[PDB]
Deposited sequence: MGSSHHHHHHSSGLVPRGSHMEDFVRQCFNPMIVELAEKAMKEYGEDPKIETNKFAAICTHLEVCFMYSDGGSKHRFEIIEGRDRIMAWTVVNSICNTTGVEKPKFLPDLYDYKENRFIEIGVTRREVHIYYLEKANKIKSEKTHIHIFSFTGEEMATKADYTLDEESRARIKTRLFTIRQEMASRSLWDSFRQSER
């Protein structure tokens, strides 16, 4: 079957991001043309990660999300043996060289509180959550980045939810997380 979600995801997100998302979904055994809300979510999580890496220095962040499983773990191993940090139990999204810590990025359609707390159970790796309605929540209220960088990310999330709304896809997306 041919989605409206799939076609919208394709002409909304950047072709490289769509491809990286199709690769990750297929690696975990899922179909972008079947579970299309997950398709949109993966693209969003990716793009937010990339803007995050963009705000800041020239190369302050090492990008872990996007890479293939094996290579991502390789890079975190090299970081851990370089900075002396505990090899996380689960793959993070980035590493801050300035603050010497792995960052887990979060993008949720629930309360920033419940998604944080649920993710917080999954220990020195920073957590940072964003939301489609413009809210964010981060560990020790250390939001790592400039106010403008985070503002731009929030604006993007909101325009995405607007673009889904006018296509009547927003509600189906929301009642799925």
{"query": "Deposited positions without coordinates, collected into consecutive stretches in sequence order", "finding": "1-16, 139-141, 197"}
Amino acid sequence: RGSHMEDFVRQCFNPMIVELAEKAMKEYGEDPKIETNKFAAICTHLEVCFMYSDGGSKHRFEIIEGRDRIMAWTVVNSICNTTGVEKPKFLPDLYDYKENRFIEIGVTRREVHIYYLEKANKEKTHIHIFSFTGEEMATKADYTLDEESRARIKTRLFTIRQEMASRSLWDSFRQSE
From here on, numbers count along this sequence of modelled residues.
query	finding
Per the entry, higher mean C-alpha B factor between 41-49 and 106-114	106-114
Residue, from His59, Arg150, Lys140, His128, that the PDB entry assigns the highest Cα B-factor	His59
Third of chain Cα B-factors occupied by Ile64	lowest
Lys154, C-alpha B-factor rank within chain (lowest, middle or highest third)	lowest
B-factor third for the C-alpha atom of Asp7 within its chain	lowest
Chain third (lowest, middle, highest) by recorded CA B-factor, residue given as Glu136	middle
Among modelled residues of the same chain, the CA temperature factor third for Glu27	middle
